[PDB]
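Okay, here's what each chain looks like letter by letter:
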Amino acid sequence: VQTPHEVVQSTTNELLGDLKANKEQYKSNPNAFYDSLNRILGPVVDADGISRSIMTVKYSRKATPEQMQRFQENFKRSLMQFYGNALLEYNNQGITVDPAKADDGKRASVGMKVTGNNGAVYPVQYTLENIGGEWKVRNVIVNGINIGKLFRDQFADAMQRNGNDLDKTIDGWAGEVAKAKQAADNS
């Protein structure tokens, strides 16, 4: 029943309220942090669609349920590892969820602005899909950087170097996200 705006806003509130409260616990315990992130973001994120897009359908169709699942576990845990600290260190304010424009009932867009302590406003564009009546986040753009595209390219590069070996690409995906981070930070 939640509109794209409500999904993004409510999830934002829910996440930050939890991080503010249990910051110290999550710092000393990555697993507890991981569980909360999955618990809060999981129901509103299309992990499968995100994974298929990163892998491209050509190779996603050549991935067993095991391989697909090992990849999601790796990816997520790597994201927390290389971006989670930035979340825990949030003691800022002024999160603006822009008024969401109309949708086609299948695809939706929601804008967000984050005001840092410096005062610099960073733009964030959420793309949501309607899966089985529910809106879930399919992709995100940060500072004009398409994240879905970023990791898609990184996966492609990895596959090229690994001779299109899925297992090798998935097993070393954490280091690929690490490269992705610095690749994005330099931009």
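Residues numbered from 1 in each chain as written, not as in the entry; some residues may be left out. Heavy atoms only, no water.

Its PDB record attributes the structure to X-ray crystallography, giving the resolution as 2.604 Å.

**Q** Mind showing me how you'd approach the overall build of the protein chain here?
**A** When helices and strands are tallied, the protein chain shows nine helices and five strands. Along the chain direction, N to C, the helices and strands of the protein chain fall in the order α-α-α-α-α-α-β-β-β-β-β-α-α-α. For a compact globule of 187 residues, the expected C-alpha radius of gyration is about 16 Å, and the protein chain comes in at 17 Å, within 12% of that figure. Of all 187 residues assigned to the protein chain, the portion counted as buried reaches 36%. (Helix = DSSP H or I, 4+ residues; strand = E, 2+ residues; numbered from the N terminus. Rg over C-alpha atoms; globule rule 2.2 N^0.38 Å. Buried < 20%, exposed > 50% of the residue type's maximum accessible area, 1.4 Å probe, protein only.)

**Q** Can you help me understand helix α4 (residues 47–55) in this one?
**A** Within α4, burial applies to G49, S51, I54 and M55. Where α4 is buried, its residues meet α5 (57–60), α6 (65–88), β4 (134–142), α7 (147–161), α8 (166–171) and α9 (173–186). Directly beyond the C-terminal end of α4, a positive phi value near 70° is found at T56. (Contact = heavy atoms within 4.5 Å.)

**Q** How should I be thinking about the packing of helix α1 (residues 4–21) against helix α3 (residues 30–41) in this particular structure?
**A** Between two packed helices, what matters for the description is the angle formed by their axes and the separation of those axes. Here α1 crosses α3 at 165°, and the two axes come no closer than 10 Å. For the element pair α1 / α3, the angle class is roughly antiparallel. Handedness of the crossing formed by α1 with α3: right-handed. Contacts from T11, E14, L15, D18 and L19 in α1 reach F33, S36, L37, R39, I40 and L41 in α3. Taken together, the residues of the contact of α1 with α3 sort by class into six nonpolar, two polar and three charged. (Axes fitted to C-alpha atoms, helices over the stretch in contact; angles between N-to-C directions. Parallel < 35°, antiparallel > 145°, perpendicular 65-115°, else oblique. Left-handed = near helix turned anticlockwise from the far one by under 90°. Nonpolar A, V, L, I, M, F, W, Y, C, P; charged D, E, K, R; others polar.)

**Q** Would you explain α7 in this entry?
**A** At 3.6 residues per turn, the α-helix brings residues three or four places apart onto the same side. Between its first and last C-alpha atoms α7 spans 21 Å; for 15 residues at 1.5 Å apiece the expected length is 21 Å, and the two agree. The inward-facing, buried residues of α7 abut α4, α5, α6, β5 (145–146), α8 and α9. A distance of 3.2 Å separates the backbone nitrogen of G148 from a side-chain oxygen at the start of α7, and that oxygen is part of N146. Taken from the residues just after α7, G163 is the one with a positive phi, measuring 60°. (Expected span 1.5 Å × (residues − 1). Polar contact = N/O pair within 3.5 Å; in protein donor to acceptor, adjacent residues only side chain to side chain.)

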